[PDB]
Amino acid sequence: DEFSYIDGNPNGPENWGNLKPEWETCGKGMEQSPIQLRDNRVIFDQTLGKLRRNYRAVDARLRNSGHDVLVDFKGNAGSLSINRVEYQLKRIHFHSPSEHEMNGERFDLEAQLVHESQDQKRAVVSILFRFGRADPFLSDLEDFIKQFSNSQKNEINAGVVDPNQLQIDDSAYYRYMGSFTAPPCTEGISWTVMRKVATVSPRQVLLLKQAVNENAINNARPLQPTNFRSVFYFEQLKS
């Protein structure tokens, strides 16, 4: 699991796919994430509907992987519905700066909600943030996040973590097929990236960045080629 976000280094993002056989798709796959999201190339699909979530507050652990901080839910944290297929919410990864761009703009943080169906299909819902008012979700975790920095520990019980504190506006999003954004960069992942940009405070991002290894202080994978794949867009009109 040594990989780095330092461009130019032997273990850096351009080389991920040559580091070990298990990571080859990082270099050779053609539906890699993240990508550029461009309004002028989207296919509109009114048929997708408002994003259908039913999430539940539940017991969680915070983990420092060394290259990101994530929330790891212990109980059943509820689920996301796409095409009446149901995907359970398992984890939330944090990346600063953002990995996705929207019309050429890179944001200050991205949160990625990883879900898994019983069929084991994967869907990720991404939220993009600009510096502003604190994020209510991270507020309730700040003192736990701090402990990665004021101590030796790399897991922490965060108790009950509520995903309905997340800044998700269900009325508009992008949708496309992609990959995990870190090794093993596996494909077949449905991505939903929320149009509405949330806010997070600088203090909150700093806490996150304090937590990780040095080679991961910025932990965004560079944008990958779109390669002609389709990008769908839904947006609910006032009518």
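Start at 1 and count along the sequence shown; that's the residue number.
As the entry records it, the average C-alpha temperature factor is higher for 156 to 164, out of 88 to 96 and 156 to 164.
Set 42 to 50 against 179 to 187 and average the Cα temperature factors; 42 to 50 ends up higher. Set against one another, the Cα B-factors of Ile35, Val193, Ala60, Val205 in the record reach their highest point at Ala60. Of the candidates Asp140, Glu101, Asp169, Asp108, the deposited coordinates give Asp140 the top C-alpha B factor. For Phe129, the recorded CA temperature factor ranks within the lowest third of the chain's modelled residues. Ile82: CA B factor lies in the highest third for its chain, per the PDB record. In the deposited entry, the Cα temperature factor of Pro10 sits in the top third of values across the chain's modelled residues. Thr199 sits in the lowest third of its chain by CA B factor, as recorded in the PDB entry.
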